[PDB]
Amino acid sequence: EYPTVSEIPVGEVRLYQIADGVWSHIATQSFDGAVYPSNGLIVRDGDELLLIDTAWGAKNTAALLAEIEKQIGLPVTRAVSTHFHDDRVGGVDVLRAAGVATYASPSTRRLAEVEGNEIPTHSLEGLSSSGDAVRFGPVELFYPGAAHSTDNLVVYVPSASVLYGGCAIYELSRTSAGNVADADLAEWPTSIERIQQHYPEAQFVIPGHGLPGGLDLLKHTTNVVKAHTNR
């Protein structure tokens, strides 16, 4: 029942309820003539919503807000971007204009600025060292170390046992490495093991792109990254 590129028309977003008060959002974008799906997270925060990641661009992100407004009807007050690339921060301006408080680590904000990307407004302290965790309302934010990017965060929802791995975790269908331009291939397995050690109770694991699974996605990702490293 998870949405695929198949049932997502250009510029639209689908929502998927994972657990009580936790959804993913799914959008699509084209590059080099192929079409890629992309996930973020929505976490209910009392009578407000916490958003994890944009929907990969201004158009998609305005569609995301409109779909949330339609289907959940609680205000998005805060968003966290889990790394600096455009599939995670593209649309920050749209969120900012809609009165959403946008957040990221100083690591991410720095890299976004270097990249000439949109820059989340607010800074998340206490995540600069590998293994650092901070609470952010109904989630914990964890910096497991460099992996897909040097700044990548993961997000755990303790009430629902949902681990959102973002782009540091691969879906099972991906059996070769994706975009690694800014990756730390050397540290990526170590970083995944920190995630394993910190959230061994996770029941649902959501990759940045494609299908949810369980903690098997961590070892899966390790296998893929190691195979790439040894090319």
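In case it trips you up, residue 1 is the first one in the sequence shown, and so on.
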| item | value |
| --- | --- |
| Segment of higher mean CA temperature factor, 137-145 or 72-80 | 72-80 |
| Of 220-228 and 4-12, the stretch whose C-alpha atoms average the higher B-factor in the entry | 4-12 |
| From 39, 61, 190, 196, residue of greatest CA B-factor | 196 |
| Top residue by Cα temperature factor, when 171, 201, 184, 53 are compared in the entry | 201 |
| Among modelled residues of the same chain, the CA temperature factor third for residue 129 | middle |
| B-factor third for the C-alpha atom of residue 119 within its chain | middle |
| Position of residue 97 among the chain's modelled residues by C-alpha B-factor, lowest, middle or highest third | highest |
| Chain-wide C-alpha B factor ranking for residue 208, given as lowest, middle or highest third | lowest |
| Chain-wide C-alpha B factor ranking for residue 34, given as lowest, middle or highest third | highest |
